[PDB]
Structures are given as C-alpha cells and as structure tokens.
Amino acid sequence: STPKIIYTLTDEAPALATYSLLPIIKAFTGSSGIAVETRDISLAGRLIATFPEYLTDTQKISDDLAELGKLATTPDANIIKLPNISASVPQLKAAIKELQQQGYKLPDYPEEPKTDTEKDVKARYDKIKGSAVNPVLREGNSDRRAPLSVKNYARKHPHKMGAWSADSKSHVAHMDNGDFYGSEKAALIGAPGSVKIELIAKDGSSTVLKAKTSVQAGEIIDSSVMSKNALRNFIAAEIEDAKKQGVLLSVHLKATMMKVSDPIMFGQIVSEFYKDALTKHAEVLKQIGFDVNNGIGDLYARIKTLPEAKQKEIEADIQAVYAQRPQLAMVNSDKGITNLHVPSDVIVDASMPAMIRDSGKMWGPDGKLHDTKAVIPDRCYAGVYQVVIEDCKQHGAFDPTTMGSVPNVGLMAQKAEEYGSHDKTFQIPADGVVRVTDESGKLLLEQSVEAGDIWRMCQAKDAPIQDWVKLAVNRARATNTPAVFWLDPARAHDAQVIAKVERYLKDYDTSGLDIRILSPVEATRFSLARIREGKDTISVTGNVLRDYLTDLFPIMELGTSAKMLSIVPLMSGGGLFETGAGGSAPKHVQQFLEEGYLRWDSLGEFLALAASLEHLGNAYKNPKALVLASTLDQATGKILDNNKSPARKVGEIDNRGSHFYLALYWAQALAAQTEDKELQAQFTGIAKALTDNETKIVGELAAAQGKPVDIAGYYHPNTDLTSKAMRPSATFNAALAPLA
C-alpha cells in the first residue's frame, strides 16, 4: 500500500554507485511514507532470469525486465532507470563465463547452432543481447532537457570549445539517391488488422518475409530501401574524394541499436574499402568464417588460426590497401584501431557532436586531429549535421556563455519509427518487388528491390503521436518558448505525421504560443539562429532525431550529455525517469578495481530522484514527498555551486564523497525548511551529525582509496564485498542510523 519508487539495479559504474546512494535514498524517504524497491535489469540478472531450468532453486531470480514492462503500463508506476549494458557478443560471452565460474550452469552461447538445443539457446540469448531494455520500458514519449541549474552553471563555467575555421574541409557526405530517404512510401491504416510482407521474385517465385504484423486503426506504416549498388557507388566515390581533399574518412552509424540495417551498411563500406585484400583472399576468408558486417577487426581475430605465413601475407595486403586509400578516422591510433574495425565503436549520436565540438575534427593515424568527411549514407538525418557544421564554419564555435537552449520532445512510445523496425528489416535475397498487403489482400506498399538491398518497414501508432503533440504543447506553454516540429513534407512518413500534427494541435488552446512545422534542415537553421542570439527553441521530433538532438545540443551547451533530465511521461499515467543517456562506463569500474576510486558522476540520479519524488508527491498527495523534492533540488544545486562532484584521480572526493555531500546538503535543507515541521525536527539531528562529522566522514571515505578492490566478479559481483567497498565510512553509516 505504501507508494513505491522502483530503482533499477544495472551494470558496472552506475551499479557500484547505487550501493552507496540507494541506502541514502531509502533513509531520507522512509519517514515520508515512501518505499524504494529494486528491480534487477543487469546483464547478468537478465541472463539468470532467462534460464531457470539450468539453475538450482536458490540461483533462480524473478524476470524483472518483464515485470518492469508490465509496471510501465500501469497508472501509478514510478521508475528510476539508470544506464545499463546493451551487450555485444563479447560482453554476453564474458557474462556467461563469469556466471558459469560462479556455479550457474548456463549453456554456452552457440554462434553457429547445429542442434535443437543450441538453436533454442541462441535464440534466447539473442533476445538478451543488444538494446533489450529501452524498448520494454519506453511506454511513453520523451521530455529530455538539461535542468536550469546545469545550464546556469555551464554559462558561468564555460567548457572548452574547439575553434572553427571558415577554411575547414570537414563536412557530412551522404547519398544523393538510392537511399532509404529517397524510396520512402507510407500508408495510413484504416482499420485494425495485420499485414503480410512478401517478396515477389523475377523468377515468379514468392517468399514471405514476415507473415503477420498487427496494425491499428490510424497507424502509420512505411517502407524504404537502401540500394546496394547505389551505396557501393556512393562509398567508392566518397573514398576517392576524401583521398583527393586529404581529409580523414569517418563513418557514423548506430550499429548496436539498428542491429539489422547498420551492420550491413557498415559491412558494405568495409567491403569496398578493403576490396583489394578481401577479394584476393576471398576463399580463405570464407573458410575462417570472416564476417565483414562485424568489421575488419573480425578478420584480424579469425586469421590467427591460419599459418603464420598466411597471416603475414594478409596483413601485408591490408597495409597495401591503406597506402592506396584515404586515411581513416581512428578509435585508438596507438593500437591502430580504425573507424572500420568494430561497427559499435563509433556511434553517430555521440560521435558527430564530439567531432563538431572539437573543431570538426577526429583522430588520424598520426594521433593528431584532422578535418574529416563524415559518412552518413542516408539523407533522412545527414542534413541536420551538415547544417550545424556549415553554421560553425560561418559563425565560429558556439559560445556556452551566451547561447540559448534547444530541449527536445521526442516521439518514442511503443518502439516508434526506426526503433521498432528491426524485425521488419530484410536483406533482399533476389531481384523483385516487396509487397505489403492487409488481410483483405489490399496492396498497401510496393517497392522494387535488387538482391543485396536492405528493405525495412517502420510503424508509428496514433496514441503515441497524440500524446507526443500533447507533450509538445505542454512544454511550449510551461516555458512560453517557441516550438518547432521537425518534419520533412517530402518524406512519405513525415507527411503522414504532419497531417496528424496539424489536426491534433487544434485540440489545444495554442493562442499565445508560437508553434510551427519545418523540415529538419530548416528547423536546424531556425534553431541555430535563435540559439546564437541567446534564445530557446523547443525541438519536437521523431525517435531518431530525439536521439541525435539530445546529445548534440547538450554537448554544445554544456560540454556533456550526462547531466540532465530524461523524463518519460508513461502513456498509462505513470512516470519513468532515466538518469543518463549514455553507457555504464567500463573504464570507471576498471579504475575502481585498480585503485579504489569511482569517478562516476551521479548527478543524473540526483536529478531523476527529485523528479520522481515530485511525481509521487503530486500523484499521492504526499506533502512530505514534495518537501523532499524541493530540498533535494537545493542540495543538488549546492553540489554544483560548491563543486562537490567527483574528481578523477585519488585523494579527492569520488562518487562516494559526492553522495555524502548530497546527504549533507539535503539534510541541512530539510532542517532549515519551513513547510513541514515534522521533517524539520527529524532532520535537525541528522544535519547536525553530518555537519559536525564532515571532515571525519570525508576522511574515512578517502581512506578507502589508493588500493586495489576485489568484489569477486564484474558482471555479477559478490554483493557483500561490493556493499562493503562502496560504504566504507562507519561514521557516515552511523549518522543516518536514526532514519526511519
């Protein structure tokens, strides 16, 4: 019956931080009638939950991801979601190995299943790897923006911005035709039903690609195709031009999430770039099972089984290739790891803003920065980035001390658009035409295709879209800031969305508001003009642009996309608060294990918690929760103003130290506020204890630094050892003891 806040237990860095912060949260929220429950969505937990039949009664655990998904569609849900692993196969195997060493008899991951058991096992493991969590929890749209506190702090403490030259040779390179953008076709579903996706080959034959896909009334579905011939010709031409202009060739895709389309596109780029070597050694590469879609790094891993004489020859022919091609942007120049080694190394949402901020440059083989030709094949979003680059060439770097802000209202509920296209993406087996028909046999979408092409279909439902418009009007009204819908009338999909947006906007009183619809490129130019004059503009966009813009603007404005709000007003009425948009920082864990220092910044957790408390306070009419939220806002502001966030080496406060300061400031705020006497009385002694013991506590926390830390594991560490290491201050622990 007590109102609950679900706190996700995740992986690596945030997981460690949670052992320190969660106890604090529980202690501060207890007296206000709030309960905090955890749900395990860690890679290891999701693996264990999936194979109960291979486990002892005591090893089994509840399937918390499924539980959360159900919760996300309930009216009173209140979830705080921290960053987590979207596992690569290597991470998956590593986690499986660790668990087996711990006694969990999980089956091995079979990369090439040849038995009923292996096939069943691989299918299940495949649903666990990759971006498995977000699609389940995101049952609402996105309200992502940096808090005013963070913006104001950035304004006063400007981060470094690479200077821009009007002579910069950097730019985005995209196809002119033959891409998804140029072939998009859409249809508006009239009534409930389902569609069939079939390939009608030239040889007359027919192949069902996906027999059934349920569709709702008012749902928008669209098909598009990336032409293999056009992509290859585009790549070949850009390779030559990069070499001619003397710039680094870089590639910006979203391989981990766009698990079907992007690795294929990545592979086609790798194939054309290294064609002389790959063709020459075609037979032996097939023999060792080389998978070009997994990058050239896959070749280096698999050739280690061939005679040393062969490895030598192959590696030499690869070097001959590099001498004939333009230089590649590097992920790690010292180790010779290029942009083409691993598909998941360079991720477009973070890589493009990083490049734009750093003078439009990337690392070259020499370990220095150089201008670059950023390849983003498809035209749908490539233009947005080009506009930013041109803006910087003409106006110079952005000025964090005066620039405005561009928050985002994004459409993502129910795996909207590209995010739910994976099971409807197919590499075409043979020339023909793909047809999408409904149950009555009506032809909804028809696309001519060639063998090797990438065909895909996306879906966008009406309820998500109406809620998305509602959210946009809400934000515009709350901030009295102009809002712009980024929709391209030339795209069949966007055109269908525009029709809905124009209709739904009429469902609101927008009299004193400034709302408009512009194509992505026009929207970008409009927003950048306003941002440089210090004005704000709300970007209202689809799922992918939500992803891109919420990394892009925070990077320019704040120098980081790790300090902000990612509020998800669940369509069922609940609230989901994501603490961070990034990864779980494996490197932070490495430093912690090596020298007992955790540099993870929990600011996002503090921000999300305040939003969660406010949500609970309003939903349950709990006055104390609202006071807890207000005082936490103050404490978080002091963390920023008094510079109590983690440092980087050893000696200074780390993640644990920042949590102490949060507790200190929060308790002090609670003891001084005049809205709730019971909380004031209760936290007076707590504030005194933390205040009087600041030096002693900070010292005990610092004493836990400087030595190796062993928590008996990585993906599934011993909880007692981890808890001990993350809560080393007996004085701090004792100070919160009275809390109930």
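Counting begins at 1, following the sequence as shown.
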What stretch has the higher average Cα B-factor here, 35-43 or 671-679?
671-679
Would you determine, from the values in the PDB entry, which of 599-607 and 498-506 has the greater average C-alpha temperature factor?
498-506
Looking at 377, 297, 617, 130, which has the biggest Cα B factor in the entry?
297
Residue, from 417, 536, 391, 317, that the PDB entry assigns the highest Cα B-factor
317
Sorting the chain's modelled residues by C-alpha B-factor and splitting them into thirds places residue 436 in the middle
Residue 349 by Cα B-factor - lowest, middle or highest third of the modelled chain:
lowest
Ranked C-alpha temperature factor of residue 707 among modelled chain residues, by third
highest
Relative to the other modelled residues of the same chain, rank the CA B-factor of residue 658 and answer lowest, middle or highest third.
lowest
For residue 199, return the chain-relative third of its C-alpha B-factor as stated in the PDB record: lowest, middle or highest.
highest
